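To start, the structure itself, in structure tokens.
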Amino acid sequence: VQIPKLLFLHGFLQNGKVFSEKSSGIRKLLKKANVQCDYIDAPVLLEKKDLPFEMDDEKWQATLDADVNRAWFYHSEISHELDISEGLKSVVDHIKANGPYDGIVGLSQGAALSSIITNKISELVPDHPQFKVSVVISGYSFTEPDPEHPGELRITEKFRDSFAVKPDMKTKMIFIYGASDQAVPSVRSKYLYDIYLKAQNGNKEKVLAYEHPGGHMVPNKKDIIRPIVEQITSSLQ
Ligand SMILES: *P(=O)(O)OC[C@H](O)CC(=O)C(=O)CC
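Residue numbers (this note's numbering): 56 to 292.
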């Protein structure tokens with residue numbers, strides 16, 4: 056005490072409260088291991104037209120009532136169109152005011168953003184050290200078709216620096232993805248995992264991957280979340 060602290064970044068169409076509810080199992084284990092888990096809300100307030108999937112008026116009202124019409128950034132299928140400035144500043148401001156944080160945990164948009172923040176934390180928040188641990192749940196990077204490599208993807212130029220990982224990072228990366236996930240197919244999370252693995256010269260003790268059988272969700276099954284939490288707590292020691 057003060058005990059280690061992790062910052063949790065939710066996914067598209069959630070908020071801090073809902074993410075806390077969805078991550079209750081992992082949070083229970085971390086709290087038992089004397090780790091503090093902080094949840095914050097994404098700043099981009101969505102209108103119905105900003106949804107990339109169908110939803111009726113009733114379900115949209117329900118979304119409004121729950122205060123979950125939120126994103127870290129507007130969705131686009133075209134990576135060069137993405138703008139993370141507001142969401143990034145929101146998290147950075149929070150860390151400035153409430154840090155330092157020993158680690159970070161992100162889901163889907165929150166995981167794309169948490170990965171970028173992991174890469175850049177010491178530049179974004181002067182005097183803040185590297186994270187000890189970064190947990191990337193159903194994450195992805197801002198890829199596009201590679202013109203000279205049909206069928207292959209590259210990171211869009213706007214975000215090349217953002218997803219660049221320096222060699223010899225102290226941070227332990229923990230990737231989590233669901234085998235059934237169709238919102239963010241695991242190929243995207245593995246693509247991002249590979250960037251870290253390469254930067255760490257193939258060291259699977261520093262860059263870890265856990266696949267669960269489920270879909271686009273924070274996993275809760277004992278046999279998956281226990282080893283994950285063990286890896287987090289061991290990095291914090
Ligand atoms: P992530 O969940 O933040 O990004 C993936 C999609 O844009 C969001 C999504 O499929 C949903 O929010 C589904 C409910």
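The beta carbon of each residue, even a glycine, is placed where N, CA and C say it ideally should be.
Assuming residue i is part of the beta strand (DSSP E), what are its boundary residues?
i    : result
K103 : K103 -> no beta strand (DSSP E), and no H or E assigned at all.
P200 : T198 to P200
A264 : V262 to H267
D93  : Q91 to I95
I229 : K227 to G233
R215 : Taken as a continuous stretch (DSSP letters only), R215 belongs to no beta strand (DSSP E), as it is neither H nor E.
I210 : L208 to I210
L62  : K60 to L64
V188 : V188 to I192
Quick check on the DSSP output: the alpha helix (DSSP H) that includes residue i runs from which residue to which?
i           : result
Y251        : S241 to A254
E178        : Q164 to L179
residue 296 : Coverage of the chain is limited to positions 56 through 292, which leaves residue 296 absent and any answer about it impossible.
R82         : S79 to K87
My guess is that residue i and residue j are in contact by the Cβ rule of under 8 Å, so how many angstroms apart are they, rounded?
i    : j    : result
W115 : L64  : The pair is not a contact, with the Cβ atoms about 24 Å apart (cut-off 8 Å).
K213 : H130 : Not quite, the Cβ-Cβ distance comes to about 16 Å (not below 8 Å), so this is no contact.
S196 : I159 : Actually they do not touch by this definition, with Cβ atoms about 16 Å apart.
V90  : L61  : 6 Å
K225 : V180 : 16 Å between Cβ atoms; not a contact.
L85  : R281 : Actually they do not touch by this definition, with Cβ atoms about 11 Å apart.
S163 : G66  : 4 Å
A88  : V284 : 7 Å
From residue i to residue j, what does the alpha carbon distance come to, in whole angstroms?
i          : j    : result
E260       : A219 : 20 Å
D182       : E141 : 22 Å
residue 24 : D157 : The shown model of the chain, from 56 to 292, leaves out residue 24, and the question about it has no answer.
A234       : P240 : 8 Å
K245       : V123 : 28 Å
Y248       : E203 : 23 Å
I210       : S289 : 32 Å
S170       : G161 : 8 Å
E132       : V73  : 25 Å
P268       : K187 : 27 Å
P184       : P222 : 16 Å
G165       : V191 : 9 Å
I95        : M228 : 21 Å
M272       : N153 : 27 Å
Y251       : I81  : 23 Å
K144       : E102 : 21 Å
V242       : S217 : 20 Å
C92        : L68  : 20 Å
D138       : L263 : 28 Å
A97        : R125 : 6 Å
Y265       : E199 : 25 Å
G270       : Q292 : 32 Å
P107       : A238 : 11 Å
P205       : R215 : 19 Å
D278       : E109 : 35 Å
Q255       : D105 : 38 Å
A167       : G194 : 5 Å
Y232       : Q57  : 31 Å
For ligand 3, is there any heavy atom lying closer than 8 Å to the beta carbon of residue i?
i    : result
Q286 : Here the bound small molecules are ligand 1; ligand 3 is not part of this structure.
- Task: Mind the definition here: the region 176-189 touches the region 77-94 only if three or more C-beta pairs lie below 8 Å; say whether that holds.
- Result: no
- Identify every run of the beta strand (DSSP E) within the region 110-171, keeping only runs that are complete inside it and at least 3 residues long; order them along the chain. 158-162
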